[PDB]
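Numbering (the working numbering), first residue to last: 10 to 72.
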């Protein structure tokens, strides 16, 4: 029943490890995460407002 969580929260944990193992991602790498957050989530009203919060954590970290 852990399917209601968007992959964003999963990528939060996963990218945390991935990025470190890669030795810090470059600017273009994050564009390969932005698409991975929602993929094609249709932009569900309210839901994506929630997704936006996770979006805010992946597009930048040292900035």
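We put the beta carbon where it would ideally sit given N, CA and C, even for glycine.
To the nearest angstrom, how far is the alpha carbon of residue i from that of residue j?
i	j	result
residue 26	residue 54	31 Å
residue 44	residue 35	16 Å
residue 33	residue 51	30 Å
residue 29	residue 70	12 Å
With a 10 Å radius around its C-beta and 16 neighbouring C-beta atoms as the bar for buried, classify residue i as buried or exposed.
i	result
residue 22	exposed
residue 46	buried
In terms of residue numbering, what span does the alpha helix (DSSP H) encompassing residue i cover?
i	result
residue 60	56-67
residue 23	16-31
residue 1	There is no way to answer for residue 1, as the model of the chain reaches only from 10 to 72.
If residue i sits next to residue j, beta carbons under 8 Å apart, how far is it from one beta carbon to the other, in whole angstroms?
i	j	result
residue 24	residue 42	6 Å
residue 39	residue 68	6 Å
residue 60	residue 15	6 Å
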